[PDB]
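Engineer:
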Amino acid sequence: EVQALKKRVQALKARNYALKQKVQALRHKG
Amino acid sequence: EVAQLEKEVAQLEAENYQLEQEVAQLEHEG
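Protein sequences appear in the order of chains B and A.
Be aware that the first sequence starts at 1, since it is given in PDB author numbering, and climbs by one per residue.
Be aware that the second sequence starts at 1, since it is given in PDB author numbering, and climbs by one per residue.
Spelled out as structure tokens, the structure:
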């Protein structure tokens, strides 16, 4: 956890959380 | 959660990467 990795995880779910939400919106709606 | 981050990364790294590759084509025009 120690802001060793805990500081890097925020870089994966940060943008991922956005796409994961719009992903289906892109393929579906167009 | 030190032993959790080690897994918290592979968790997103697997998803964040799975989307970034699909989103790069899905929202090509949008």
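Here a beta-carbon is modelled for each residue, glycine too, at the ideal position from N, C-alpha and C.
Write down the C-beta distance between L26/A and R27/B rounded to the nearest angstrom, noting that I regard them as a contact closer than 8 Å.
Structural biologist: As a working mapping, residue 26/A is identified with position 26 in the second sequence. As a working mapping, residue 27/B is identified with position 27 in the first sequence. With 8 Å as the limit, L26/A and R27/B qualify as a contact, their Cβ atoms being about 5 Å apart.
Engineer: How many Å lie between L19/A and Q11/A at the Cα?
Structural biologist: For this step, residue 19/A is matched to residue 19 along the second sequence. For this step, residue 11/A is matched to residue 11 along the second sequence. Looking at the two C-alpha atoms, the distance is approximately 13 Å.
Engineer: Where do the N-terminal and C-terminal ends of the alpha helix (DSSP H) with residue 43/A fall, by residue?
Structural biologist: With chain A covering 1 to 30 only, the question about residue 43/A has no answer from this structure.
Engineer: Rounded to the nearest angstrom, what separates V2/B and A3/A at their Cα positions?
Structural biologist: Translated into positions along the first sequence, residue 2/B becomes position 2. Translated into positions along the second sequence, residue 3/A becomes position 3. Those two C-alpha atoms are separated by around 10 Å.
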